[PDB]
Amino acid sequence: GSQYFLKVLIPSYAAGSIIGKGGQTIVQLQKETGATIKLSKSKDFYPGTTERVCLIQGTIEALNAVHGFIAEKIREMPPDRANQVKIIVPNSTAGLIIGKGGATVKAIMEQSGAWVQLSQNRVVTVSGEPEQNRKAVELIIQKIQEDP
RNA sequence: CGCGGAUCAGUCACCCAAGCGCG
Ligand SMILES: [K+]
Ligand SMILES: [Mg+2]
Ligand SMILES: [Mg+2]
C-alpha cells in the first residue's frame, strides 16, 4: 500500500494516554492500522512550542485514523487547545492548502465548518468541534497526498 | 541486522548506549 507521512503536535499532558502503560496503546494502534508511530521524547518540543511531535507513517486512511485517535485523547485534559489540532506541513503543502489568494483554505473551512490557520515548515492549526476538525484534517491530508 | 535494554522517560512505547552475536 502507498505510504505517506503526517506530523502532529501533542501537548505533553496527552502523551501518556496515547502511548499507554508499557506502550500497550500505541502498539495496538500501530498493529491495527499498519501505521508506524514515533513520538519525540518527553522534553523534545517543536521549536517555540510546549508540544511533542508524533510522526505517523501509513496509508491515507491510517493517517486519518491515527490522527482521529490522537484528537480524542487530547480532548481529555488534565482551554483553547482542547478543540484544536496542530499539524506540521512542508512549505510546498502549506502553499497548496492555502490556494490562490486563500481560495483553498476558504473552501476547506466551508466544507468542514472548521477555522483553519497557518503560522522549512509551518504548523497548521484547525479549530472547531470534533467532527469539524476531523473533516478539515481529511481535506488537509488529501492535500498532503496530492503534492508531488 | 539479531538478542539485549544502561541512562532518559511518570500511562513513555519505538528509536538510541553497554555487552553478546549472525551475515
Ligand atoms: K533492538
Ligand atoms: Mg528490541
Ligand atoms: Mg539496537
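Proteins come first, then strands; the chains are lettered A, B, ... in the order of their sequence lines, and each starts at number 1.
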Practice prompt. Determine the Euclidean distance between corresponding P atoms of B:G5 and B:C20; express it in Å to zero decimal places.
Written response: 15 Å

Item to complete: Using a 4.0 Å heavy-atom cut-off across all strands, classify A:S42 as base, sugar-phosphate, or nothing.
Response: sugar-phosphate

Fill in: Nearest-angstrom distance, P atom, B:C12 to B:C22
35 Å

Distance-only donor-acceptor pairs under 3.5 Å for side chains of residues 47-61 of chain A, two or more places apart:
{"unit_1": "A:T49", "atom_1": "OG1", "unit_2": "A:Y46", "atom_2": "N", "d": "3.2"}
{"unit_1": "A:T49", "atom_1": "OG1", "unit_2": "A:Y46", "atom_2": "O", "d": "2.7"}
{"unit_1": "A:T49", "atom_1": "OG1", "unit_2": "A:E51", "atom_2": "N", "d": "3.1"}
{"unit_1": "A:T49", "atom_1": "OG1", "unit_2": "A:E51", "atom_2": "O", "d": "3.4"}
{"unit_1": "A:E51", "atom_1": "OE1", "unit_2": "A:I10", "atom_2": "N", "d": "3.4"}
{"unit_1": "A:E51", "atom_1": "OE1", "unit_2": "A:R81", "atom_2": "NE", "d": "3.4"}
{"unit_1": "A:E51", "atom_1": "OE1", "unit_2": "A:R81", "atom_2": "NH2", "d": "3.0"}
{"unit_1": "A:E51", "atom_1": "OE2", "unit_2": "A:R81", "atom_2": "NE", "d": "2.6"}
{"unit_1": "A:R52", "atom_1": "NE", "unit_2": "A:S40", "atom_2": "O", "d": "2.9"}
{"unit_1": "A:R52", "atom_1": "NH2", "unit_2": "A:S40", "atom_2": "O", "d": "3.0"}
{"unit_1": "A:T59", "atom_1": "OG1", "unit_2": "A:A62", "atom_2": "N", "d": "3.1"}

Discussion item. Going by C1'-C2'-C3'-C4' alone, is B:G10 a north or a south sugar?
Written reply: south

Worksheet item: Do any N or O atoms from the side chain of A:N83 and from the backbone of A:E129 form a donor-acceptor pair under 3.5 angstrom?
Response: no

Name each donor-acceptor pair under 3.5 Å that joins a side chain in residues 106-113 of chain A to protein atoms two or more places apart or in another chain, with its distance.
{"unit_1": "A:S112", "atom_1": "OG", "unit_2": "A:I108", "atom_2": "O", "d": "2.6"}
{"unit_1": "A:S112", "atom_1": "OG", "unit_2": "A:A114", "atom_2": "N", "d": "3.2"}

Discussion item. Counting runs of three or more consecutive pairs, Watson-Crick or G-U wobble, with each distance below 3.5 Å, where are the stems of RNA chain B?
Written reply: B:1-3 with B:19-21

Worksheet item: If we take the P atom in both B:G4 and B:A13, what is their distance in whole Å?
Response: 14 Å

Discussion item. Taking only the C1' atom of each, what is the distance from B:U7 to B:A17 in whole angstrom?
Written reply: 8 Å

Donor-acceptor contacts, no H, no angles, side chain residues 138-148 of chain A, under 3.5 Å, sequence neighbours left out:
{"unit_1": "A:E138", "atom_1": "OE1", "unit_2": "A:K135", "atom_2": "NZ", "d": "3.2"}
{"unit_1": "A:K143", "atom_1": "NZ", "unit_2": "A:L139", "atom_2": "O", "d": "3.0"}
{"unit_1": "A:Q145", "atom_1": "OE1", "unit_2": "A:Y4", "atom_2": "OH", "d": "3.3"}

Worksheet, complete the sentence: Once the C1'-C2'-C3'-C4' torsion sign is read, positive north and negative south, the sugar of B:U7 turns out north

Item to complete: Can you tell me, in whole Å, how much space there is between the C1' of B:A6 and that of B:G23?
Response: 27 Å

Practice prompt. For each nucleotide in nucleotides 13-18 of chain B, reading 5' to 3', give B when a protein heavy atom comes within less than 4.0 Å of its base, S when such contact involves only the sugar-phosphate, and - otherwise.
Written response: BBB---

Worksheet entry | Interatomic distance, A:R75 atom CZ to A:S17 atom OG [nearest 0.5 angstrom] | 12.0 Å

Fill in: B:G21 to B:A9 separation - P atoms, rounded to the nearest Å
32 Å

Discussion item. I need the OH-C1' distance between A:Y13 and B:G10, as an integer number of Å.
Written reply: 17 Å

Pairs of donor and acceptor atoms involving the side chains of residues 18-34 of chain A, under 3.5 Å and at least two apart or interchain, shall be tabulated with distances.
{"unit_1": "A:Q24", "atom_1": "NE2", "unit_2": "A:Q28", "atom_2": "OE1", "d": "2.9"}
{"unit_1": "A:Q30", "atom_1": "OE1", "unit_2": "A:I37", "atom_2": "N", "d": "3.0"}
{"unit_1": "A:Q30", "atom_1": "NE2", "unit_2": "A:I26", "atom_2": "O", "d": "3.1"}
{"unit_1": "A:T33", "atom_1": "OG1", "unit_2": "A:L29", "atom_2": "O", "d": "2.6"}
{"unit_1": "A:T33", "atom_1": "OG1", "unit_2": "A:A35", "atom_2": "N", "d": "3.2"}

